[PDB]
Amino acid sequence: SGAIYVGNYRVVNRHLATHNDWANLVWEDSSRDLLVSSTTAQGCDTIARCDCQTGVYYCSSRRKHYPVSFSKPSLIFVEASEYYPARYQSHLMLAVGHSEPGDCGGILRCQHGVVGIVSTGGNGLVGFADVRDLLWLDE
Ligand SMILES: NC(=O)[C@H]1CCCN(C(=O)Cc2cccnc2C(F)(F)F)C1
Ligand SMILES: [Zn+2]
């Protein structure tokens, strides 16, 4: 679990979106595993606007933050899950590192801010759904 709170937006993994998220839906993209909903209170997180390929992510299955080198956002084949069939997920960044399903939502950050959130993993890899191209979160 985990979310990003910026302005009047709540960014969560689409497969973990709640009834409240869907009733206050702003945008969703199943190929990115992202959903944004509207909130009453203002959020205090800052989205990174950069091409950083190093950062730190929160790993709930380890109660630890880990430093990682990650790939640029691209179309990567994501294995069939209980939430989605086999498919290419776009705007996904891979890193060598630990993850388990309950880790989705953990934030990946650089000096510039929130880079994205854990969305895929397995076999010693962790995939993050990028949020840096979504400039409308700033306004
Ligand atoms: N974006 C996706 O298709 C998600 C759908 C449901 C969640 N999901 C996974 O369970 C992938 C997975 C399997 C084994 C270890 N770690 C992970 C993960 F949690 F992502 F880190 C992929
Ligand atoms: Zn950065």
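Just so you know, we're using the entry's author numbering here: the sequence shown kicks off at 7 and counts up by one.
Cβ atoms here follow ideal geometry from the backbone N, Cα and C, with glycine treated the same way.
Work out the CA separation of residue j and residue i for me, nearest whole Å.
| i | j | result |
| --- | --- | --- |
| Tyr72 | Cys65 | 7 Å |
| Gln48 | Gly127 | 31 Å |
| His25 | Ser43 | 11 Å |
| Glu145 | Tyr15 | 10 Å |
| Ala29 | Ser96 | 25 Å |
| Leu81 | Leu98 | 7 Å |
| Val12 | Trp33 | 14 Å |
| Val84 | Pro107 | 13 Å |
| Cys58 | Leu143 | 19 Å |
| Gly8 | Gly61 | 18 Å |
| residue 146 | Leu140 | Any property of residue 146 remains undetermined from this structure, which presents the chain solely from 7 to 145. |
Output yes or no for whether 7 Å exceeds the beta carbon distance between residue i and residue j.
| i | j | result |
| --- | --- | --- |
| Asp39 | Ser125 | yes |
| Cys116 | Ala23 | no |
| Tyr63 | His21 | no |
| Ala101 | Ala92 | no |
Just curious, the beta strand (DSSP E) that residue i is in, first and last residue?
| i | result |
| --- | --- |
| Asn19 | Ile10 to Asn19 |
| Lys78 | Per DSSP, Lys78 belongs to no beta strand (DSSP E) and is neither H nor E. |
| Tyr63 | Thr60 to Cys65 |
| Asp136 | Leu131 to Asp136 |
| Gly108 | That residue, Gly108, is in no beta strand (DSSP E); it is neither H nor E in DSSP. |
| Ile123 | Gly119 to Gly128 |
| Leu141 | It is not in any beta strand (DSSP E) - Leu141 carries neither H nor E in the DSSP assignment. |
| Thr52 | First-last for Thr52: undefined, no H or E at that position. |
Could you spell out the range, first to last residue, of the alpha helix (DSSP H) harbouring residue i?
| i | result |
| --- | --- |
| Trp28 | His25 to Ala29 |
Compute the beta-carbon to beta-carbon distance between residue i and residue j, rounded to the nearest angstrom, for a pair I have assumed lies under 8 Å.
| i | j | result |
| --- | --- | --- |
| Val18 | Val137 | Rounded, the Cβ-Cβ distance is 11 Å, inconsistent with contact. |
| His104 | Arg68 | 6 Å |
Do the stretch 101-121 and the stretch 70-81 touch if we need at least three Cβ pairs shorter than 8 Å?
-> These segments touch.
So does the stretch 129-137 actually touch the stretch 100-119, counting three or more Cβ pairs closer than 8 Å?
-> Contact holds: three or more Cβ-Cβ distances are below 8 Å.
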